[PDB]
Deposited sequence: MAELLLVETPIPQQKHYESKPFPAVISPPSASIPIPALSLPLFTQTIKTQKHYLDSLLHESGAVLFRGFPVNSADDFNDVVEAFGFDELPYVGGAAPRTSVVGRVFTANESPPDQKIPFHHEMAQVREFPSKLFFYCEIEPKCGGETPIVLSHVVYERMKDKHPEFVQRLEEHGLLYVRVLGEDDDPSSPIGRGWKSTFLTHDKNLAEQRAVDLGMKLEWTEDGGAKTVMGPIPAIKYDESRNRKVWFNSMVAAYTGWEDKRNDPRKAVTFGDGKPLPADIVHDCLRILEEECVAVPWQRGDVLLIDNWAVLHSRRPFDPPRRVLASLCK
């Protein structure tokens, strides 16, 4: 067959590079012909991903979870083994999983997948098996651009983060609440029912777990950096969950404003965090999904969100080491 770099409305451009790059089709199209071209075009697709940081594959016959898994499987990358510290995921087939994100009428803030985890995914794929009835887009934005704008806007603020970093406080109940923006419990996060076994995996994950009265838990993480360095492209990125925590970690157990602070305890300037929230919006590209689309996101360069939505909707994913 073949692969074709195609233009779309939403995409943006940076130094003559489309974001995201879009690949579409030009023996009639088949699912085994596609996975076959994926292997045949490995170099081309590694570079395109390197140049753009994400590529949406639209038009190909990926019509099921198993189908998406063949495409994920065809890509070669090794799966990232789960260790705990993320919403309750449900295995579907092979390297592909699902997870009932926060309530459908909410906004999922921008973040890097498992950003506060030691072994975070280098890459990830998103796949739509069920088109959203309304809304429910997976807006994406280039982390390095957000860095070039933050350093430009608030140069002193970045400097404090580069020296002080951030601290995160995330109170977790014993069970999971499907109502909160971040409703995972401690037994679910750490895949443990026992406390010792838990507080142990807690230290291994680099967290300060301290059991709460009502069987809950209050974890503390950091100081940790906010500006990491993607070596493959020699550039720093906004690899932190500042906006996610400050505006998103909001429920009966956590205060948004207290969710995250400077690495040395000093509170963050509200007008600065929300200014960052505004930078993410402006630079983000939210391509409306379609049944069959496959988006390849490099986790070193991209943060992902989720617009609110009205069901039905089914987006599947795959995490790479």
{"query": "Where the deposited sequence has no C-alpha coordinates (positions from 1, in order)", "finding": "1 to 3, 30 to 35"}
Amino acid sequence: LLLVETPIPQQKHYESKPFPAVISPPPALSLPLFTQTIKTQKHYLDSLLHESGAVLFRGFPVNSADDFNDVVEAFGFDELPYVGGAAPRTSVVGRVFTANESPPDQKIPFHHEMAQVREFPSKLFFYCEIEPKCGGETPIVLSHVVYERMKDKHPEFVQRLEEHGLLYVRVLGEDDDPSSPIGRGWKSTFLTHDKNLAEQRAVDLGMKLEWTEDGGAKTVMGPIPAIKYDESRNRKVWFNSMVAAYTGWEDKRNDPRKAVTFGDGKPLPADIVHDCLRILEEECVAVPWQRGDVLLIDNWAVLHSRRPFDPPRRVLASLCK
From here on, numbers count along this sequence of modelled residues.
{"query": "Greater mean Cα temperature factor according to the PDB record, 152 to 160 or 186 to 194", "finding": "186 to 194"}
{"query": "Selected stretch [higher average CA B-factor]: 121 to 129 or 247 to 255", "finding": "247 to 255"}
{"query": "Residue selected from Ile108, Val93, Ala74, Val220 by maximal Cα B factor", "finding": "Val220"}
{"query": "From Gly215, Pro225, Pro139, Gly136, residue of greatest CA B-factor", "finding": "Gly215"}
{"query": "Relative C-alpha B-factor of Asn240, binned into the chain's lowest, middle or highest third", "finding": "lowest"}
{"query": "Entry-reported Cα temperature factor of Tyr14, expressed as the chain third it lands in", "finding": "highest"}
{"query": "Relative C-alpha B-factor of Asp204, binned into the chain's lowest, middle or highest third", "finding": "highest"}
{"query": "Ranked C-alpha temperature factor of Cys320 among modelled chain residues, by third", "finding": "middle"}
{"query": "Third assignment of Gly263 from its chain's C-alpha B-factors", "finding": "middle"}
